[PDB]
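J.: Residue numbers (full-length UniProt numbering), protein chains in the order written: chain E, 8 to 73; chain P, 71 to 249.
Quick one: the structure is below, questions incoming.
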Amino acid sequence: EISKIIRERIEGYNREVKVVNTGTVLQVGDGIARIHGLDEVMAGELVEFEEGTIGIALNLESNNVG
Amino acid sequence: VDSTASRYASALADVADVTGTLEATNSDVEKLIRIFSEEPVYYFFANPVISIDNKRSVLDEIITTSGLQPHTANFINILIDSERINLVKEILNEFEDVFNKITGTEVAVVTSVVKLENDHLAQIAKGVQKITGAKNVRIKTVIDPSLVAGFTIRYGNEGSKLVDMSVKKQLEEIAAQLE
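Set out below in structure tokens:
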């Protein structure tokens, strides 16, 4: 059984990472990034990065987004 | 079967077998399965984005409350280091099948329209240890109404070998009258 401290701790980590319209970069190589998250991004949506680069979402895989 | 989920579970059982904690380890593995059912708990461990360092600290706290076996705590730590926490659920389920093999036990499934008594279960266990060679036999019951009256058991290494007499009489009589 998970205690009350450990339940609110994991949701503390989980609440932060799972933002609604945001993502996290997993890989970058030679013109393509794989993004963790972006759960509500749609096929073909423009996707803006933190340095400022713009991307287009093509592969909406079940784990990540190409 | 030999897939990565199966491969890891087999290792976990082998170390328990060596150290004679097969009963002790099995309880802990059953205890883990309750832990990782929760969508929120499983998601936290599984996703790549959450930092690995944070995962260990949380994992250690979880282990302490749980009071898991010393190897079992390692085994999860090994999974986390080697990235295979995305397939924990497959691994945990796989261990049960391996654990029966080591004991020499066998599992059986018997199903009925209405609940039944213990002596019937013991005699089905007798027959399954006869035709199977369980060192020991094991049994499970699932009440399903859409049959007529019978019992169906299900056994083997996988959930494969099936004998029954409820509706197989009726479907058999359709397929025997077409003859």
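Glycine residues also receive a C-beta, built at the ideal position from the N, C-alpha and C atoms.
Comparing alpha-carbon positions, which option in E:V48, E:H43 and E:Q34 lies nearest E:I63?
T.: For E:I63, the closest C-alpha among the options E:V48, E:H43 and E:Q34 is that of E:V48.
J.: Show which residues of chain P have a CB atom less than 7 Å away from the CB atom of E:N21.
T.: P110, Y113 and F114
J.: For the ligand ATP, is there any heavy atom lying closer than 7 Å to the beta carbon of P:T181?
T.: This structure lacks the ligand ATP; in fact it carries no ligand of any kind.
J.: Return the Cβ separation of P:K205 and P:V179 in integer angstroms, given the expectation that the two are a contact with Cβ distance under 8 Å.
T.: In fact, because the Cβ distance is near 19 Å, the residues do not count as touching under 8 Å.
J.: Rounded to whole angstroms, what is the Cα-Cα separation between E:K25 and E:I17?
T.: In a straight line, the C-alpha of E:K25 is about 12 Å away from that of E:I17.
J.: What does the alpha-carbon distance come out to for the pair E:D46 and P:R208?
T.: 44 Å
J.: Do you know how far the Cα of E:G30 is from the Cα of P:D234?
T.: Straight-line Cα distance between these residues: approximately 53 Å.
J.: Decide if P:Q139 is buried, meaning its Cβ has at least 16 other Cβ atoms within 10 Å, or exposed.
T.: So P:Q139 counts as buried.
J.: Sort out for me which residues DSSP pairs E:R41 with in a bridge.
T.: Answer is E:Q34, bridged to E:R41.
J.: Taking only three categories from DSSP, how would you classify P:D214?
T.: coil
J.: Is there at least one Cβ from chain P nearer than 8 Å to E:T31's Cβ?
T.: It does; some Cβ of chain P falls within 8 Å.
J.: Starting from P:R77 and walking both ways along the beta strand (DSSP E), at which residues does that stretch end?
T.: Counting along the chain, P:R77 falls outside any beta strand (DSSP E), though it belongs to the alpha helix (DSSP H) covering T74 to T89.
J.: For the pair the stretch 104-122 of chain P and the stretch 148-162 of chain P, tell me if three or more CB-CB distances fall below 8 Å.
T.: yes
J.: Taking the alpha carbon of P:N96 as the reference point, which residue from P:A143, P:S121 and P:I148 has its own alpha carbon closest?
T.: The shortest CA-to-CA distance from P:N96 to any of P:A143, P:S121 and P:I148 is the one to P:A143.
J.: Three or more beta-carbon pairs under 8 Å between the stretch 229-244 of chain P and the stretch 210-220 of chain P, yes or no?
T.: With the cut-off at 8 Å, the stretch 229-244 of chain P and the stretch 210-220 of chain P touch.
J.: Does any CB atom of chain P fall closer than 8 Å to the CB of E:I39?
T.: So no, E:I39 is outside the interface.
J.: Would DSSP call E:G62 helix, strand or coil?
T.: strand
J.: Whose C-beta lies closer than 7 Å to the C-beta of E:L53 among residues of the same chain, with five residues either side of it excluded?
T.: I61 and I63
J.: When the Cα of residue 18 of chain P is compared with those of P:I213, P:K159, P:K101 and P:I194, which residue comes out closest?
T.: Shown here, chain P extends from 71 to 249; a query on residue 18 of chain P therefore has no answer.
J.: Using a Cβ cut-off of 7 Å, pull out every chain E residue sitting near P:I132, in sequence order please.
T.: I9 and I13
J.: Could you please give the first and the last residue of the uninterrupted alpha helix (DSSP H) stretch that includes P:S97?
T.: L92 to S107
J.: Which residues bound the beta strand (DSSP E) around P:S182?
T.: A178 to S182
J.: Is it right to say P:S136 is buried, meaning 16 or more other beta carbons lie within 10 angstroms of its own, or is it exposed?
T.: buried
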